[PDB]
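For neighbour counting, all protein chains shown are included, and Cβ atoms are generated from backbone atoms with ideal geometry for every residue, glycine included. Numbers and lists here come from the model and the stated rules, or from a named source; these are not laboratory values.
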Amino acid sequence: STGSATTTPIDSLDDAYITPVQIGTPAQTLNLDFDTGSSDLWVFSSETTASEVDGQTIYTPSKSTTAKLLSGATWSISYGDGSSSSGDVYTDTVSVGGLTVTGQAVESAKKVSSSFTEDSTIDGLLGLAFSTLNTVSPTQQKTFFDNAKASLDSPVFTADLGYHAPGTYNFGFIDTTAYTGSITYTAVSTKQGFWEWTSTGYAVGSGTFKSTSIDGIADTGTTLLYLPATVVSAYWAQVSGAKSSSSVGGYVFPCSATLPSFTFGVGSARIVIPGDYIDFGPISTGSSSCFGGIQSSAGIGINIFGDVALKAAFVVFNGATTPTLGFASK
Ligand SMILES: CCN(CC)c1ccc(C(=O)NN)cc1
């Protein structure tokens, strides 16, 4: 089997991407944030605290003939930005892009934090990291990908995110028309539950490439590129008037700037992030100070290849017995 679904930016900045997902019988379609940095499929629902729902589409298990309470199971998660959610759990039929998993754990939110409430376009999360990070207790549950894997033509999914445009998530096959050149694969550590890999270095603009190992995670659920302070300083030093602002919470630059590209290494291959991908717009409405798309990871504890980096490539999440990550230009 295979599945193929379009993913669409939620706003003009590509703050996140949503993908339609069918849950239950008759289908209930919710737009979920596919997140390769976590491992819970959770949704806004008929159980969510009413004051915490603001425009989201909700899952109503009582309207699904295939929903079953997973008795006694609860879940609770918090993310690196400090957002969080929790609730109870149902099993139900879930389909993505034509691909169906029966018996999928669907985590029903009873509580969500303000950041989720405020994002009216995101109806929940679909985790695609390793199932060892799933938060359901007392019986840990499998991700959609883990459950689907034995049915797939190939034990892979691919992320092809667009810049200010729709993209695609594919399950079970690699679309050879979606990229240019060849795919370079690189080793993955699953020790922390993430798609954790080691970049071979970087370059700023047309500058020479610096060979240096940078361990990080491939995270579709994180907007920006978070890298060591040394690397990030080297980047922003090439932008007149850029500075790190403690009041804003990171590097800012003059909105009149043209940004240099940023290259990261994948083995002997190179992925180039165009400068415009690194512009996240005014820090506040009408401001002439713009927020940078490359930020320091210092104090996060991990480097994060978020959407800013991933959207510059065609990315293969290879869930074979020895998992690997592939990157191609596109
Ligand atoms: C509103 C809060 N949202 C929705 C954009 C989040 C989505 C994904 C993550 C995350 O850490 N993913 N790995 C964190 C927050």
Report summary line: Only unsatisfied item for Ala257, checking (1) in contact with a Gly (Cβ under 6 Å, 6 or more places away or on another chain); (2) farther than 16 Å from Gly299 by Cβ; (3) surrounded by 14 or more Cβ atoms within 10 Å (Cβ to Cβ), is (1)
Report task. Could you figure out which of (1) hydroxyl-bearing (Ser, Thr, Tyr); (2) touching a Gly at 6+ places or on another chain (Cβ under 9 Å); (3) within 16 Å of the ligand (Cβ to nearest atom) isn't true of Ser86? Result -> (2)
Report summary line: Flagged in region 9-31 as assigned to a strand (DSSP E or B) and surrounded by 16 or more Cβ atoms within 10 Å (Cβ to Cβ), in numbering order, are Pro9, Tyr17, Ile18, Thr19, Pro20, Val21, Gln22, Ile23, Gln28, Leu30, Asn31
Query raised in the report: Among the residues of region 164-182, which ones are within 15 Å of the chain's Cα centre (by Cα) and over 18 Å from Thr100 (Cβ atoms)?
Result: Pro166, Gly167, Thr168
Query - Test for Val94: is it within 29 Å of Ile302 (Cα to Cα), aliphatic (A, V, I, L, M) and crowded, with 16+ Cβ neighbours inside 10 Å - result: no
Report task. Output the number of residues of region 201-212 satisfying the condition of being crowded, with 19+ Cβ neighbours inside 10 Å and either of a type outside the set (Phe, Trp, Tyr) or not in a strand (DSSP E or B) (or both). Result -> 2
Query raised in the report: Can you name every residue in region 153-200 that is in a loop (DSSP other than H, G, I, E, B) and among the acidic types (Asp, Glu)?
Result: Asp153, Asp175
Query raised in the report: Tell me, which residue of region 32-79 that is assigned to a helix (DSSP H, G or I) and not hydrophobic (A, V, I, L, M, F, W, C) is surrounded by the most Cβ atoms within 10 Å (Cβ to Cβ)?
Result: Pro61
Report task. Go through region 110-128 residue by residue and tally those that are surrounded by fewer than 16 Cβ atoms within 10 Å (Cβ to Cβ) and either within 10 Å of the ligand (Cβ to nearest atom) or among the acidic types (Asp, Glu) (or both). Result -> 3
Query raised in the report: Assuming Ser268 fulfils every condition listed in (1) within 22 Å of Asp81 (Cα to Cα); (2) more than 16 Å from the ligand (Cβ to nearest atom) apart from one, which condition is it?
Result: (1)
Query raised in the report: Somewhere in region 266-273, is a residue crowded, with 16+ Cβ neighbours inside 10 Å, out of contact with any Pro (no Cβ under 7 Å at 6 or more places or on another chain) and of a type in the set (D, E, K, R)?
Result: yes
Query - Neighbours by Cβ (under 6 Å, 6+ apart or cross-chain): first from region 267-285, outside the structural domain of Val204 (by CATH) and free of Cβ contacts under 8 Å to residues at least 60 places away in the same chain; second in a helix (DSSP H, G or I) and among the hydroxyl-bearing types (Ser, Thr, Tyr) - result: none
**Report entry** Selection count, region 193-222, where residues are touching a helix residue (DSSP H, G or I) at 6+ places or on another chain (Cβ under 9 Å), among the hydrophobic types (A, V, I, L, M, F, W, C) and more than 16 Å from the ligand (Cβ to nearest atom)
**Finding:** 2
